[PDB]
């Protein structure tokens, strides 16, 4: 009886209800983006909900690789340290993370210090294609969405060298399914930091050449497409803020490229989580 009548609502759905079906799917209600057992976020900015989704992602990687208490883990391209902190907190392990970014490693040590875990969390500026660690120093390791900045043959061989025999390396890598055009290969360099993904058979030829066995692979491509959407929406809606922080040239490059890059990702690539084992004894 309030500001709308039934005939107004039915006429509205007669004219426009198909916009909900074109955007949300074969029904006209919410999607269950957060599982029921998940907790209610602190706030509801798109960044916070995305952040909780990231933590659940990290929980799933921990669960998959299954590091055991008292083991030492290597975070290949550790970003700003949250993944390692959660893995160490949950499994009671030591974690050493490497990254080529100074500010990133500083924020990761700041993080370890804020939680009183500088004795079990070690963050250093190192190249994954030339690790500064001995042979067989780590029980397990993971390359979470980092291999696309590196030579995969060098990074995988180096990870094989620093792993104890019988240990596992969890990999989160992308793969092309169709042949990319040259403009698409350039968007990899200009938008993010480059290296087009290899092919599926090509990627596992490199994994075999590094001396790894393959124990599992699981497609998570939808998760990459939703995250790339969350990103593109945040950039579109906050152009002024991001231009005042990162510049016009950078932001304008994202606005002009994110569309074509999303279509490329949707139609031509796949993203997966693979478990690689260094064989025991040889």
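Residue numbers count along the first chain shown, from 1.
- Higher average CA B factor: 176-184, of the stretches 88-96 and 176-184.
- The PDB entry reports B-factors from which the mean C-alpha value can be compared for 13-21 and 255-263; the larger average falls on 255-263.
- Comparing C-alpha B-factors across 76, 170, 73, 112 in the deposited entry, the largest value falls on 112.
- Comparing the C-alpha B-factors of 53, 226, 62, 248 in the entry, the top value falls on 248.
- For residue 29, the recorded CA B-factor ranks within the lowest third of the chain. Only modelled residues enter the ranking.
- Residue-level temperature factors show residue 1 in the highest third of its chain, judged at the C-alpha atom.
- Per-chain ranking of the deposited C-alpha B factor places residue 132 in the middle third.
- When the modelled residues of the chain are ordered by their C-alpha B factor, residue 120 lands in the highest third.
- Among all modelled residues in its chain, residue 38 ranks in the lowest third by Cα B-factor.
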